[PDB]
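Reading through the structure tokens given below for one structure.
Chains as they are written, first to last, in the entry's author numbering: chain D, 1 to 6; chain A, 49 to 88; chain B, 17 to 170.
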């Protein structure tokens, strides 16, 4: 997710 | 102003599509900010 | 342009032209995830698309009209993510969704990992219907990404 959740 | 959209394709099922990814079953919570989190 | 289909969401504010996400045009309405546009107006050529509905908790927004996508995963069959990655051609990825189990019911989820700017890519059933959008998810003990199949109400 790029790092994240988005 | 700032953001713009550009067409990228038709929305269609592809016969010969690559198949992949698993199918996990996950307990999650969704908070008021719209963020999913894994539940203990 | 308003033709049905999948669209990149771009911005020229940062360096170069940058893809912040993706969305679906259907029945004259543009559908994407809230975290892609934060509810801002959008340019489509020399025209403008104004927000019409949105909800941070669902992480969804529609432009020019109400949310039009109402197909749902059948709980059994494989689906296809029509991934539109930054700078790359649209590609169909077929997969069997897993499931997010919540206090308020179960939602389909797809365990596929793409760049952040792929947010809003549509997930499709074998009839070509959009059953939800990709990009609101979680990261598991593996470190890998799983996205809900996020669908609105029509």
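Heads up, the beta-carbon is just placed ideally off N, CA and C, and yes, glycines get one too.
C-beta neighbour in chain D for residue i, strict 9 Å
{"i": "residue 103 of chain B", "result": "no"}
{"i": "residue 70 of chain B", "result": "no"}
{"i": "residue 192 of chain B", "result": "Given a span of 17 to 170 for chain B in the structure shown, any question on residue 192 of chain B remains unanswerable."}
{"i": "residue 135 of chain B", "result": "yes"}
Beta-carbon neighbours of residue i, restricted to chain D and to distances below 9 Å
{"i": "residue 51 of chain B", "result": "6"}
{"i": "residue 132 of chain B", "result": "1, 2, 3, 4, 6"}
{"i": "residue 155 of chain B", "result": "1, 4, 5"}
Proximity test, Cβ basis, 9 Å: residue i and chain A
{"i": "residue 142 of chain B", "result": "yes"}
{"i": "residue 23 of chain B", "result": "yes"}
{"i": "residue 147 of chain B", "result": "no"}
{"i": "residue 43 of chain B", "result": "no"}
Beta-carbon proximity list for residue i, same chain, < 6 Å, skipping 5 on both sides
{"i": "residue 77 of chain A", "result": "85, 87"}
{"i": "residue 108 of chain B", "result": "96, 98"}
{"i": "residue 34 of chain B", "result": "27"}
{"i": "residue 72 of chain B", "result": "50"}
{"i": "residue 101 of chain B", "result": "130, 131, 134"}
7 Å Cβ cut-off: residues of chain D touching residue i
{"i": "residue 138 of chain B", "result": "Chain D residues near residue 138 of chain B: none, gap ~17 Å exceeds 7 Å."}
Within-9 Å CB hit, residue i to chain B
{"i": "residue 88 of chain A", "result": "no"}
Closer than 7 Å at the beta carbon, the chain A residues around residue i
{"i": "residue 113 of chain B", "result": "71"}
{"i": "residue 75 of chain B", "result": "82"}
Proximal residues of chain D, C-beta to C-beta of residue i below 8 Å
{"i": "residue 129 of chain B", "result": "1"}
{"i": "residue 152 of chain B", "result": "5, 6"}
Contact set for residue i: own chain, Cβ-Cβ below 8 Å, skip 5 residues either direction
{"i": "residue 64 of chain B", "result": "57, 58"}
{"i": "residue 74 of chain B", "result": "50, 166, 168"}
Beta-carbon proximity list for residue i, same chain, < 7 Å, skipping 5 on both sides
{"i": "residue 44 of chain B", "result": "18, 80, 81"}
Heavy atom of the ligand ADP within 8 Å of residue i beta-carbon
{"i": "residue 73 of chain A", "result": "Absence of the ligand ADP from the depicted structure is noted, as is the absence of any ligand whatsoever, leaving it without description."}
Minimum Cβ-Cβ distance from residue i to chain E less than 9 Å
{"i": "residue 126 of chain B", "result": "Absence of chain E from the displayed structure is noted, the protein chains being D, A and B."}
Report yes or no: do the segment 156 to 164 of chain B and the segment 117 to 129 of chain B share at least 3 C-beta pairs separated by less than 8 Å? Pairwise C-beta distances place the segment 156 to 164 of chain B in contact with the segment 117 to 129 of chain B, as three or more of them are shorter than 8 Å.
- Query: So, do the segment 80 to 95 of chain B and the segment 141 to 149 of chain B have three or more beta carbon pairs nearer to each other than 8 Å?
  - Reply: Two segments are said to touch when three or more pairs of C-beta atoms, one from each, lie closer than 8 Å; by this definition the segment 80 to 95 of chain B touches the segment 141 to 149 of chain B.
Item checked: Within the segment 18 to 67 of chain B, ranges of the beta strand (DSSP E) (whole runs, at least 3 residues) -> Annotation: the segment 18 to 67 of chain B contains the following complete segments of the beta strand (DSSP E) (minimum length 3 residues), in chain order: 21 to 27, 34 to 42, 45 to 48, 58 to 60, 63 to 65.
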